[PDB]
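Chemist: Residue numbers (UniProt numbering), protein chains in the order written: chain S, 200 to 213; chain E, 7 to 78.
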Amino acid sequence: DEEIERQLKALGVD
Amino acid sequence: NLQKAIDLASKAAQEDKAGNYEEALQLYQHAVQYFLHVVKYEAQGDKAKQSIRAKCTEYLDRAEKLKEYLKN
């Protein structure tokens, strides 16, 4: 959950 | 919100096989966003979270891959 969740925040960021 | 997760996740993958990437990339992140969203505010068991999680990685992987290959 920590890796998957962080993945989204990483890809979706501007 | 749930219906959006699958609807957005289905269209995303549908484009991956069809050939699209730009539209599939945006849908991938959006679709996955809804998956974790409901899980954060709706956790029934481990089976449910285990499914969305595993699916969030597979979809997320393609998004990061397409974005790279698309720019590279």
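Think of the CB as a built atom: it goes at the ideal place given N, C-alpha and C, for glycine as much as any other residue.
Using a Cβ-Cβ cut-off of less than 7 Å, give me the residues of the region 27-50 of chain E that come near chain S, in sequence order.
Modeler: Going along the region 27-50 of chain E in chain order, one finds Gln35, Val38, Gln39, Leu42 with a Cβ nearer than 7 Å to chain S.
Chemist: Shorter than 8 Å from the beta carbon of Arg59 (chain E) to some beta carbon of chain S?
Modeler: Output row for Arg59 (chain E): interface = yes.
Chemist: To the nearest whole angstrom, what separates the beta carbons of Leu210 (chain S) and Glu64 (chain E), a pair I think is in contact under 8 Å?
Modeler: About 14 Å separates the two Cβ atoms, so there is no contact after all.
Chemist: Taking DSSP as the reference, what is the three-state secondary structure of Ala49 (chain E)?
Modeler: Coil, per DSSP.
Chemist: Inspect the CB distances between the region 17-33 of chain E and the region 51-61 of chain E and report whether three or more fall short of 8 Å.
Modeler: With a cut-off of 8 Å, the region 51-61 of chain E and the region 17-33 of chain E do not count as touching, because too few Cβ pairs lie within range.
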